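Residue numbers (the deposited numbering): 3 to 125, 127 to 260. Reviewing the structure listed below.
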Ligand SMILES: NS(=O)(=O)c1c(F)c(F)c2c(c1F)N(Cc1ccccc1)CCS2(=O)=O
Ligand SMILES: [Zn+2]
């Protein structure tokens, strides 16, 4: 009876195994755009992905992960609200069963069809496992997806999904350029939060871009053909793998714009 996204084991249950679920800096949150404070001291976000080395794509039973070589400063995030430098380790998405839901963060209560999370760890802590034990260990760049025109830079991801249909499948995934997943603008909101998945550790500086990307109905439908189950088990479609908005508590969301 492990955690997941169902009636039986979903977000409302997670606190029993992970009591930090009811903590002071949980994610995601609703971004109230009128209440977010413009902070003129925030810097532009520096996204340096030209040397990124993707390795592999994995169905981990909850979503799919595109993993990168993070054994040197290749692909890094810095600037914005961050001190020092954060290395890209992986990205993944959360998405819905319907185009009207799927994102984890919301904007004035609006849900997007999906949300991309690019996960980075603070190189001062040496490895990802040490970083997640620190309040400033991770920086996650979140990007909303709306359904409209296709995102050409997503199609390589879309096209490999049939090879990792079920939990625990993995495929070589080299030479993928994550720059093709970014919107035009790097304007952002930021706040201190958590992993949105168990173990829900309060280690993340969230940076959520204002501008969504557009993906086609066909691209998101292929996400929804993935399976949460392993091969040889009954099919349960990988949809609605998002945590809802959590209480903001004693936090301020800052805007770079
Ligand atoms: N959502 S998030 O950005 O806070 C988040 C995160 F910051 C992580 F560091 C990691 C997450 C992760 F979600 N996952 C990926 C996942 C997606 C969906 C269901 C389970 C796991 C597992 C691997 S991880 O790299 O440790
Ligand atoms: Zn995520």
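Note that CB positions come from ideal geometry on N, CA and C, so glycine has one too.
At a Cβ-Cβ threshold of 7 Å, residue 30 and residue 107 count as neighbours. Rounded to whole angstroms, the separation of the alpha carbons of residue 9 and residue 167 is 25 Å.
Rounded to whole angstroms, residue 85 and residue 55 show a C-alpha spacing of 24 Å. The beta-carbon distance between residue 13 and residue 246, rounded to whole angstroms, is 5 Å. This is short enough to meet the 8 Å contact definition. Taking 7 Å as the cut-off, the beta carbon of residue 98 is found no closer than this to the beta carbon of residue 45.
Contact between residue 175 and residue 125 does not hold, since the beta-carbon distance rounds to 26 Å and is not under 8 Å.
Secondary structure note for residue 158: it is in no beta strand (DSSP E), and the uninterrupted alpha helix (DSSP H) holding it is 158 to 163.
Taking residue 21 as reference, the option from 202, 190 and 128 with the minimal CA-CA separation is 202. Each residue's CA atom was taken as its position, placing residue 28 and residue 221 some 33 Å apart.
Per DSSP, reduced to three states, the secondary structure at residue 33 is strand. Exclusion of residue 55 from the 6 Å shell around ligand 2 follows from its C-beta lying no nearer than that to any non-hydrogen atom of the ligand. Within the same chain, 27, 208 and 254 come within 7 Å of residue 195 by CB-CB distance, once the 5 residues on both sides are set aside. As the crow flies, the alpha-carbon of residue 256 is around 13 Å from that of residue 250. With 6 Å as the limit, the residues whose C-beta approaches a heavy atom of ligand 2 more closely than that are 94, 96, 119 and 199, in chain order.
Less than 7 Å separates the beta-carbon of residue 64 from that of residue 244.
For residue 220, the enclosing alpha helix (DSSP H) starts and ends at 220 to 226.
Judged by the Cβ position, residue 92 qualifies as a neighbour of ligand 1 at the 6 Å threshold, a heavy atom of the ligand being closer than this. Taken atom to atom, the span from the alpha-carbon of residue 228 to that of residue 200 is near 21 Å. Residue 39 is classed as exposed because its beta carbon has fewer than 16 other beta carbons within 10 Å across all chains shown.
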